[PDB]
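Engineer: First the structure, then my questions, so here it is.
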Ligand SMILES: C[C@]12CC[C@H]3[C@@H](CC=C4C[C@@H](OS(N)(=O)=O)CC[C@@]43C)[C@@H]1CC[C@@H]2C=O
Ligand SMILES: [Zn+2]
């Protein structure tokens with residue numbers, strides 16, 4: 001029922017999910033001059049060498065690549081985190097044009113798109129339990145700008161024609177998400193939420209300062225996806241981003257000076 005349109009979009013979500021107006025909602029604008037350098041923050045540990053991708057899916061709000069999270073094969077640790085977070089899936093948010101698409105903004109700057117790698121805390125045993133906990137999830141956010149192609153993204157772009165409409169899925173084995181990472185793991189971090197329903201306040205956000213560059217041809221392929229099911233009027237899958245929410249009583253911390 002919820003979506004990104006005039007009648008069902010982010011301004012409507014609070015009616016089915018009242019936590020939409022809560023104290024720790026995401027995304028937010030990252031004010032770079034107000035974010036505090038925290039020399040206590042550790043380097044982020046990204047261990048994706050044994051990642052096992054399974055499927056790529058159009059879920060009617062994005063597309064996601066899903067991983068085997070039944071063992072510690074692809075894990076996020078350190079940075080602001082206590083303990084071990086398993087990679088469940090990655091997905092993107094993007095715009096109708098290059099000047100919008102990111103969920104987080106930097107000094108009010110919007111990027112063409114934003115990549116989210118979703119991880120859950122192994123101390124809670126499964127992701128359904130983890131979303132009920134204030135430290136249940138860690139989402140690694142990476143900005144996309146349009147320029148040079150990202151070679152590591154091309155395998156994803158080339159299969160999108162096979163999952164054009166909602167619920168369509170395909171085999172997507174042996175995909176290496178290390179090919180989506182920028183050089184630097186310098187980050188901002190703050191306590192927040194899922195950015196779609198159910199908007200659960202379970203997320204430690206880790207947003208990388210360095211964007212990756214993707215080509216216009218790569219992002220054009222995102223914009224050919226459809227929100228609609230096969231045979232329905234349909235409706236290009238574009239502008240699937242929630243706008244920045246009030247920071248309220250929260251501090252954004254920087255890992256870097
Ligand atoms: C599957 C669930 C509902 C959907 C939840 C998932 C946890 C995290 C994300 C990531 C989020 O996007 S974002 N932008 O916040 O990272 C989109 C929603 C989604 C897929 C839940 C785990 C349990 C729950 C129902 O069984
Ligand atoms: Zn997301």
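Here Cβ is always computed from backbone atoms with ideal geometry, including for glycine, and neighbour counts include all displayed protein chains. What follows draws every value from the coordinates through simple rules; no lab data is involved.
Engineer: In terms of the Cα gyration tensor, with a ≥ b ≥ c the square roots of its eigenvalues, is the stretch 23-156 rounded because a/c is under 1.5, prolate because a/b exceeds b/c, or oblate?
Structural biologist: Working: a/c = 1.63, a/b = 1.13, b/c = 1.43.
It is oblate, given that a/c is not under 1.5 and a/b is not larger than b/c.
Engineer: Subtracting the Cα-Cα distance from 0.36 nm times the residue separation, let me have the gained length for residue 14 to residue 133 in nm, one decimal.
Structural biologist: Values: separation 119, 0.36 × 119 = 42.84 nm, distance 2.02 nm.
Fully extending the segment from residue 14 to residue 133 adds 40.8 nm.
Engineer: If you average the alpha carbon positions of the stretch 1-58 and of the stretch 65-133, how far apart do those two centres end up, in angstrom?
Structural biologist: After rounding, the separation between the Cα centres reads 7 Å.
Engineer: Here's a follow-up. So for the pair residue 82, residue 169, with labels modelled 7 Å out along Cα→Cβ, what separation do we get in nm?
Structural biologist: 3.4 nm
Engineer: Another question, if that's okay. For the chain, set up a GNM with springs between Cα atoms under 10 Å and report which of 232, 23, 166 has the largest fluctuation.
Structural biologist: Per the Cα network of the chain with a 10 Å cutoff, 232 tops the list.
Engineer: Using the basic label-point model (7 angstrom from Cα toward the beta carbon), what is the residue 123 to residue 33 distance in nanometres?
Structural biologist: Result for the modelled spin labels: 3.8 nm.
Engineer: Sort 34-43, 195-204 by the packing proxy (mean of other Cβ within 10 Å over each peptide's residues), most packed first.
Structural biologist: 195-204, 34-43
Engineer: Rounded, prolate or oblate for the stretch 158-213? Axes are the square roots of the Cα gyration tensor eigenvalues, ordered a ≥ b ≥ c, and the cut-off for rounded is a/c under 1.5.
Structural biologist: Working: a/c = 2.78, a/b = 1.29, b/c = 2.15.
Oblate is the answer for the stretch 158-213, as a/c is 1.5 or above yet b/c matches or exceeds a/b.
Engineer: Then there's this: For the chain, rounded, prolate or oblate, judged on the Cα gyration tensor with a ≥ b ≥ c (square roots of eigenvalues), a/c < 1.5 rounded, else prolate if a/b > b/c? Write out the running numbers ahead of the final one.
Structural biologist: Numbers: a/c = 1.32, a/b = 1.19, b/c = 1.11.
Judged from the Cα gyration tensor, the chain comes out rounded (a/c under 1.5).
Engineer: Tell me the Kirkwood hydrodynamic radius of the stretch 107-256 in angstroms, computed as one over the mean inverse distance between distinct C-alpha pairs. Please report the intermediate quantities before stating the final value.
Structural biologist: Numbers: mean 1/r = 0.0580 Å⁻¹.
Evaluated on the stretch 107-256, it is 17.2 Å.
Engineer: On full extension of the chain, what length is gained from residue 6 through residue 234, given 0.36 nm per residue of separation minus the C-alpha to C-alpha distance?
Structural biologist: Here the answer is 80.6 nm.
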